[PDB]
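Everything on this sheet refers to the single structure shown next.
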Amino acid sequence: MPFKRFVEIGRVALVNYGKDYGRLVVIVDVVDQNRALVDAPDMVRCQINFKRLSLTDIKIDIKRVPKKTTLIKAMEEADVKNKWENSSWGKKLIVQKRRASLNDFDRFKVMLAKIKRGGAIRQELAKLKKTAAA
Amino acid sequence: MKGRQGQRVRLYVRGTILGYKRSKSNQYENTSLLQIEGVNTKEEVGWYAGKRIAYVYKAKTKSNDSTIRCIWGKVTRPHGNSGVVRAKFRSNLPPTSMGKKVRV
Amino acid sequence: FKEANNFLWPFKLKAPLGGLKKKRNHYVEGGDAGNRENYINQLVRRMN
Amino acid sequence: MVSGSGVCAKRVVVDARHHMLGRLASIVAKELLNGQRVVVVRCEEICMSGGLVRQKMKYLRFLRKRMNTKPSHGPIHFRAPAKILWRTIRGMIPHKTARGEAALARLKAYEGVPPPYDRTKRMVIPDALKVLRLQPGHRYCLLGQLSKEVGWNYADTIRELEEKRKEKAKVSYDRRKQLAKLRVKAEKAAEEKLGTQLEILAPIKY
Amino acid sequence: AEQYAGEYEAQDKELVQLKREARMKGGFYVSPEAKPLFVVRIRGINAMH
Amino acid sequence: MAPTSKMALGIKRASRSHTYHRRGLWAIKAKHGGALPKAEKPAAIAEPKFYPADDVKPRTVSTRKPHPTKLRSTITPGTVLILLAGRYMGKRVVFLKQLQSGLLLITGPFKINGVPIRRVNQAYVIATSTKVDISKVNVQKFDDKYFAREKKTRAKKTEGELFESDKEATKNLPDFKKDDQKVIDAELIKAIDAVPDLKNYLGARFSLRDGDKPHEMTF
Amino acid sequence: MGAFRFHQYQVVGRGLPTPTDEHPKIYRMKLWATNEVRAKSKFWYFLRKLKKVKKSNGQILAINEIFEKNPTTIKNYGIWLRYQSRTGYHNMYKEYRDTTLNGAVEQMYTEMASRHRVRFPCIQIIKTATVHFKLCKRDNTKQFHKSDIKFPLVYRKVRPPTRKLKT
RNA sequence: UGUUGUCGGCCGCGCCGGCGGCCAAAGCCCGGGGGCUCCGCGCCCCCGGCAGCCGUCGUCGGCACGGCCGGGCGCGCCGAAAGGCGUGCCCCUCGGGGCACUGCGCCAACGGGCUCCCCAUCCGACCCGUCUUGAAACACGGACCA
RNA sequence: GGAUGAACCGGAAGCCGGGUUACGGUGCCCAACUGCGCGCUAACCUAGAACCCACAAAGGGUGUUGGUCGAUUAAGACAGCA
RNA sequence: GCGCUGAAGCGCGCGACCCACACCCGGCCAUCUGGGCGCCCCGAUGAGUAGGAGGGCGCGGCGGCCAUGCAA
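Protein chains in written order, with the entry's author numbering: chain C, 1 to 134; chain F, 1 to 104; chain X, 197 to 244; chain V, 1 to 206; chain Z, 50 to 98; chain U, 1 to 219; chain D, 1 to 167.
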């Protein structure tokens, strides 16, 4: 792909790498067809030439031109978009992150136990199949 | 682009070989036992099973056997699981090539 | 103290850690050769 | 980043559909050198970037070369897409040494599907084509579009491709119709699912 | 080294701004530097006179 | 650098104190250094040799320094170790050897009829409340006198002391079985209860001796 | 900004010289560079180019940089420029859309390299000139960006923006 | 005789933090003026208070690992352990700090070589000797050995 | 290191061991990136310091990108049709 | 070489890596610095044809010393 490149606001974007070490961003100022200023509420602004930083589906409700206070206000209005963000499209990383945190005792018993039950569910599910089948 | 999903993959990373056991009379094959210094994360051993360890056979550096043999095995299984791991090598190694730093 | 140097007599430096940027080039082009106050102190702290 | 096709201790099935021939061959040669036993499937559906005439001249300089100069015995040229892929592997591997020849002999390339490897074939980490001919980005050529202009094995291969595709479409259509039924009674029994104290901390780790 | 620069701030006031935002560079005065050296021989003795 | 600054900053300072206690007693440690010591028969030769004393004393100290410290990095007690899981009560094992971390040898006695011993990559071990000064080294496999029963009754007292903590603590009892299942291991949570030791350690110390020398083994 | 592109170095100086009533008189010529290493060198090209001096008959008083000047923010820089290709150096007057002074060099080095072909030995430019947005004359990328600032057109090409994933 | 834990030295590694350099400053909130665009938005610039934190030089501060090689410390008491327990000075005058004050001696655990072949890898360009500026040499000399 | 290679580059070597590098290189063969930001090319140009060894000229090219200057424009252009 | 093409080409920047016998480091061989008691030690440089200069190995018979031999 040459892709989305531009020049507009409201469109959240998600990272294809850099320093930071973060990161999700939305584009505040738009400043030809390569260069753009991306910022976030609790993330640092950067002006990048950013072909290879790709923009996600979920879009946040703001109009064109954002200084800092305005951006904050927009974020407050939205939020919700971050949840979609924790989950899903780009976005994903809070559900994944929930994954990484887990090779650890308390964490390992919570797991055998999800498992143990999962089994009980397989068994109920299987019984159901048998009644349905014939 | 690359559509970063990804996974991570990083070269790091050093480790040392503990010692390589070449045994027969005729039932067993060969073992190598490996220690990475700290590295792979409990998650990153676990998610994986499947480390390639590639160690360069580099002059190290008296006059060494500098040959165009870079050897890369695979890590079979933890035995050590939060540290040390078992490994095997498929060509078979250089001389007593125990010791030398292991890398990916 | 121009004759306190009169050292004893050459420093035997380690090859630099992580290398040069290339040897065939001067300071202007991002190379190593030539005069440079900053980068000598970088280079000697690589040559440990 | 992690290469998501690559190592398995034993597998090895590769999908060649709209993959890039030299990119797929490069990973396959590395899996073969590692001691894997590699089966590339759908060799007819694999892609090479570049404009048809210029791909056609490369192979054609081999085709005038097929004729002459003559004992017999090789230099030799394979008409057909698996065997073109095999010719590509026998340049990718160091092709004068027992370790390389033993790696070559662990490859098979099969056209369509062999009779059934119904364990799915898997895609190589972005080997695949769409973009790598870029939108536009001029032409690409399929190996089954090259080998129609070079000959059988191809021709039988694309006729057997057709039948194996038509029957496995029919068999897929109905297995999907039962799988959807199984999914719907499975999801309702996760919507229901009895209770917890331990059990719902796991779906708070999706 | 701070005092060598330091008179150059303390008297001066023409040096920083105009200078960011405009070209040429200033009249007045300058402070000197010294300074001794170290030499390490990067290139070997093969093919030089 | 942060540990290593502290050592400097006399020099010696306690070692300037040490002399003093001898100076205080009264008047001394030139005479006693010169006048002493033993000698004179013997047989043969150069007498090039040796040991006990003064170097050996830094080498034991020196060897003591990883030893806390590797536990600060990895957390726990030391050896002696209990099956948490398996049998509700049951019995006690000591880590005599690492093939590795993970592959471990867990121990006991056998002099008449005996007792096994396992090498495992796991099966069943989480640690207790005791520390020694080894890491995880001794072995081959030795012990014996009363001690299928004693080591074991030492087990019962720890298994009671543990079983109560396993009731108070766990997530429950079923993956204390997964923790016991693991056995590399290790970091997360370590120190619960089981108070005190004084016997537990005395017992562990004997176990180390028993998996050492000199019994049953000599020809 | 992160791993440079060319911060302009304000060198004030001298020319320190002789027992004759002469002496050299004052300069900046304000040069874009990566820190002192480029300066030293930059002066010998300025001193060879304008005045002829020596190396020694340039003495340098002080250096001041510029620290984020632009605050990230913008202009489409008019550059008066020299590229060496199939002979010596040819003049060019390039006015192009950019971020900043960090970016302008690269877009020139890449356009002098591709567009103009330039290979290593080359030295830089003559000047870089801010201009106003409505004013920017010639041509393609910048004209569109000028239009984007207008607006309507911040909010045009969202019209691919928000049109990859879908609405 | 073989192995494994370690204390000491050497080098490598990644990460974190502070201060000064660019009189510090992006900055933001407050307050005042100018310009462009004169279709208005929006853009810009300058000055004072002020959350704030930045990319780079220099420097210092804190940790954790590996590889290789080898085996300064005590001399009364308590303290498993590490550690403190003699006294004077001074800064801070808080926690504490540095500074000063005889001689002598000198580790743990456990129970092989070589020949030919095969596979990997390189020399590889024979060797070898000679001739030659240059030898594998399609330059010369040898069947092989005693 | 340069596919091979007396004299190009790195480099001047007792033997060994380990560490880091130089030149040069990092898709596979082949250790190590299918590295980052950007831009040009679609001819398989093209994977090339140097070499008897790697050719390509005078001259031409509305291919394509890019820079600039003059004039003409809603006091309606350029072209086409009428 | 396989052979790529929004690059595995090209150019402008850049990050991390790889890689010698080099350079460091450890231990050791000559000469020389010298030192110290026929012997020990500290550090440096230390490829090699023609070739000079010097120490040593082996052959055969002779002499003085000193043995070995029914299994040389």
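Virtual Cβ for every residue (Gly too), placed ideally from N, Cα, C.
Asked	Found
Indicate the three-state DSSP secondary structure (helix, strand or coil) for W47(F) in the structure shown.	coil
Which chain V residues sit within Cβ distance under 9 Å of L102(C)?	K205
Does chain X have any CB closer than 9 Å to the CB of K74(Z)?	no
Comparing the C-beta of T69(C) with each C-beta of chain D, is any distance below 9 Å?	no
Hey, does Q135(V) have any beta-carbon neighbour from chain C nearer than 9 Å?	yes
Taking any Cβ of chain X, which residues in the segment 67–95 of chain Z have a Cβ under 7 Å from it, in chain order?	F87, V89, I91, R92
Hey, would you say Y57(Z) sits closer than 9 Å to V79(Z), going by beta carbons?	yes
At the level of alpha carbons, what is the spacing between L63(V) and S88(C)?	53 Å
Could you tell me the distance, in whole angstroms, from the CA atom of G34(U) to the CA atom of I28(U)?	11 Å
Can you tell me whether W72(F) is helix, strand or coil according to DSSP?	strand
Helix, strand or coil, according to DSSP, for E162(V) in the structure here?	helix
So what does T76(U) bridge to, in DSSP terms?	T76(U) pairs with nothing; no bridge assigned.
Compare the C-alpha of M43(C) against each of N86(C), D20(C), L128(C) and name the closest.	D20(C)
Alpha helix (DSSP H) containing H90(D): first to last residue?	First-last for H90(D): 89–95, but that is the beta strand (DSSP E), not the alpha helix (DSSP H).
Short check: CB of residue 194(D) to CB of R5(D), under 9 Å?	What is shown of chain D runs 1 to 167, which leaves residue 194(D) out entirely.
Which of helix, strand or coil does DSSP assign to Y140(V)?	strand
Note down, in chain order, each residue of its chain lying with its Cβ closer than 8 Å to the Cβ of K157(D), except the 5 sequence neighbours on either side.	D148
If distances are taken between C-alpha atoms only, which option among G24(U), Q100(U), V195(U) comes closest to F163(U)?	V195(U)
Indicate whether at least one CB of chain U lies closer than 9 Å to the CB of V39(F).	no
With DSSP as the reference, label residue 203(C) as helix, strand or coil.	This structure cannot speak to residue 203(C), because chain C is shown only from 1 to 134.
Could you work out which residue in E162(V), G4(V), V131(V), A169(V) is closest to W47(F) when comparing CA atoms only?	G4(V)
Using beta carbons (cut-off 9 Å, strictly below), is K167(U) in contact with chain C?	no
Alpha carbons only, please: which of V13(V), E101(V), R23(V), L32(V) is nearest the one belonging to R42(V)?	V13(V)
Looking only at DSSP bridge pairs, what is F67(D) linked to?	DSSP, once it has assigned bridges, lists no residue as partnering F67(D).
For the segment 53–69 of chain D and the segment 105–119 of chain D, state whether three or more C-beta atom pairs, one from each stretch, are separated by less than 8 Å.	no
Name the chain F residues that come within less than 8 Å of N16(C), Cβ to Cβ?	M1, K2, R4
What runs of the beta strand (DSSP E), each 3 residues or longer, lie entirely inside the segment 16–83 of chain V?	38–41, 47–49
By how many angstroms is the C-alpha of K83(C) removed from the C-alpha of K177(U)?	36 Å
Applying a beta-carbon distance threshold of less than 9 Å, which residues of chain D neighbour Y57(Z)?	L61, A62
Is the shortest distance between the beta-carbon of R232(X) and the beta-carbons of chain D less than 9 Å?	yes
Closer than 8 Å by C-beta to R14(F): which residues in its own chain qualify, once you throw out the five before and the five after it? Chain order, please.	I36, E37, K101, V102, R103
Against chain D, does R5(C) count as a neighbour if the rule is that its beta carbon must be under 9 Å from one of theirs?	yes
Leaving out five residues on either side along the sequence, give the residues of the same chain with a beta carbon under 7 Å from the beta carbon of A113(C).	none
For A54(Z), which option in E70(Z), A96(Z), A83(Z) has the closest C-alpha, if you only look at C-alpha atoms?	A83(Z)
Pull up the distance between the alpha-carbon of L33(V) and that of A180(V), whole angstroms please.	41 Å
Quick one: Cα of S26(V) to Cα of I89(V), how far?	8 Å
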